[PDB]
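Every residue, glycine as well, gets a Cβ built from its backbone with ideal geometry; the counts of neighbours run over all protein chains shown. Every read-out reported here was derived from the displayed coordinates using simple, explicitly stated rules and does not represent laboratory data.
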Amino acid sequence: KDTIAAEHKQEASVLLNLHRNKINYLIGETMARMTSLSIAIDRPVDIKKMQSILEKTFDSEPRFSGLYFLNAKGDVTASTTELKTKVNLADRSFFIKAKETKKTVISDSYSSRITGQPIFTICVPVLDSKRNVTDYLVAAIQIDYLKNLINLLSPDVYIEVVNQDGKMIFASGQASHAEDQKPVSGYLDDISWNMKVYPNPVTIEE
Amino acid sequence: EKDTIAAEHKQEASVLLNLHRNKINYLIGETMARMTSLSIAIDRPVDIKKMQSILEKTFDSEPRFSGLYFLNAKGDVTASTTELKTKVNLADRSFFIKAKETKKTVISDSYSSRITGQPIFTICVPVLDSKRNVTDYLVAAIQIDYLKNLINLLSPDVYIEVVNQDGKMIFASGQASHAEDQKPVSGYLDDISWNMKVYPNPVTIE
């Protein structure tokens, strides 16, 4: 029984690596796209050009809740989501941190002010020649997209992702599959979310 | 007995194979993403002075690149992170030929850089006008050494080999003597036809 259990633990550890890599790739690639956009856009930014870019970047990319451009004040000035009212994001932690650090920020999860759904965001400050922040690129990723990705590959195993405060980010599978099991866990690269993959129990065969 | 520890050594070679393939696949995917976002963000028609600055900013602090270049439709290098001594034309390169014909991103096999003289592989992204004619090319050359050092840094003590589809050695990490009497766990990368072979460690006295 110890031998099958050990196979099951190794399998869980394989899934842990597989699924974290998928998420790390999505996050990393998005950081790289937003960074390249911030570098290549011609100053001063033409807002209709930026709107076109965001739409083209968004197109056929289910990972995104939306892509947005903000002015120095945090007003959303371009948006893949058709906005019904003016939106300002200056109060968001990621915005406060991006402004302060003048570096890319990857936020914890929260409920989108624009769509009402759970997202997390990658924010890249756009700088002028004097290193002053003039604008912000914001890529909002849909948490549910990540969850569904994992669940489709691994429907029969219980996987949890939680943040440092212990907030559930998402959970995939039936928690019952986890009974009497200790999980195999590990953090993501760009955000301190911890993924826990529970090994499946040893069945009657044996 | 032995067979049980050998099975563990094999599983860890498999873990390493996936770790390292994931790393290189990410590097290639991220670089493609950076180049495609660049072509989308920049004003058209492309201004060569602005492209030159963008390439320098992209290249700066990126050990991965041998160099970044922009080619005109004839294959002349028109922007370059590498100081050029004479005119350079890459129209004879296989990747250029395939990029021109397919009008899609191409990833090349390894070769010796005409510009730096070092072993590299390149990622080439054609730039198209409104009517889908190819007018220019973005070229990102990555140093093989960078990949080799990347693998070595993670796994000094195990023998790993990367060979292309024809059996040409791309690079090896570690001492070949560690592979003696072992069968490798192997797999191809995603976007380039290189096969990575990770040899498990021998069973020790313990």
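Amide H contacts of A:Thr81 (H built 1.01 Å from N, in plane; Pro and chain starts excluded): A:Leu67 sit under 5 Å, all sequence-distant by 5 or more or on other chains.
Is the shape of region B:112-206 best called rounded, prolate or oblate, per the rule: a/c under 1.5 gives rounded, else a/b larger than b/c gives prolate, else oblate, with a ≥ b ≥ c the square roots of the Cα gyration tensor eigenvalues? Note, shape of region B:112-206 comes out prolate. Our summary gives chain B a relative contact order of 22 percent, counting only alpha carbon pairs under 8 angstrom and 6 or more residues apart.
Over all pairs of different C-alpha atoms, the protein assembly as shown has a mean inverse distance whose reciprocal, the Kirkwood radius, equals 23.7 Å. Taking a ≥ b ≥ c as the square roots of the eigenvalues of the alpha-carbon gyration tensor, region B:66-165 is classed prolate because a/c is 1.5 or more and a/b outweighs b/c.
Given Cα pairs under 8 Å that are at least 6 residues apart, what percent is the relative contact order of region B:45-143?
So the answer I get is 27 percent.
Taken one residue at a time, the phi angles of region A:180-196 give Karplus couplings (6.51, -1.76, 1.60, θ = phi - 60°) of 6, 10, 9, x, 9, 10, x, 7, 6, 7, 9, 9, 7, 8, 10, 9, 10 Hz. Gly and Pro are set to x. Once you reduce region A:105-131 and region B:43-66 to the center of their Cα atoms, the two points are 25 Å from each other. When A:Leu137, B:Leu150, A:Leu83 are arranged by Cβ crowding within 10 Å, least crowded first, meaning fewest neighbours, the order is A:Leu83, B:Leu150, A:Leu137. Working note: Karplus 6.51/-1.76/1.60 with θ = phi - 60° gives region B:123-132 the couplings 10, 10, 10, x, 9, 10, 7, 4, 8, 6 Hz, where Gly and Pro are set to x. Footprinting exposure proxy ranking of A:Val126, B:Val163, fewest other C-beta atoms within 10 angstrom first, gives B:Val163, A:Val126. Sites listed here are trypsin sites (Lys or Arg not before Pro) in region A:121-201 whose DSSP assignment is loop and whose Cβ has at most 14 other Cβ atoms within 10 Å: A:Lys130, A:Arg131, A:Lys167.
Here the scattering of region B:1-153 is modelled by Debye summation over its C-alpha atoms, one equal scatterer each and no solvent; at q = 0.16 Å⁻¹ the log10 of I(q)/I(0) is -0.87.
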